[PDB]
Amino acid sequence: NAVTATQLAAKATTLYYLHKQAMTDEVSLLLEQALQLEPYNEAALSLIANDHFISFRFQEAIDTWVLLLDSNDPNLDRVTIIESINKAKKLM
């Protein structure tokens, strides 16, 4: 019935990328709500990490990705996430 965490994170993602990649209160709240429903939501944590990365906060990007890796979702693309961590690590 209700909107899913991924659907909330998808709206957050649209408002983010199409609007100057700003973490506004609106984007942050949609993400918070995705993570209230699913604490390890891939779409949500991935936006947060990417936003850190884009902002050159490489340590915080890594922390978010490492947190995402603790997901128990068998389908999680760990490979791409760890490539992201590795890039970030090299830019620090």
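Residue positions are given as counts along the sequence shown, with the first one as 1.
S.K.: Looking at the temperature factor on the CA atom of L37, which third of the chain's modelled residues does it land in?
M.R.: According to the entry, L37 has a C-alpha B-factor in the chain's highest third.
S.K.: Report the third (lowest, middle or highest) to which the CA temperature factor of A88 belongs, ranking only the modelled residues of the same chain.
M.R.: According to the entry, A88 has a C-alpha B-factor in the chain's middle third.
S.K.: Ranking every modelled residue in this chain by its Cα temperature factor as given in the entry, which third contains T24?
M.R.: Its C-alpha B-factor belongs to the lowest third of this chain's values.
S.K.: By the recorded C-alpha temperature factor, relative to the other modelled residues in its chain, which third is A10 in?
M.R.: Lowest third.
S.K.: Could you say whether, by C-alpha temperature factor, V79 belongs to the lowest, middle or highest third of its chain?
M.R.: CA B-factor rank for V79: middle third.
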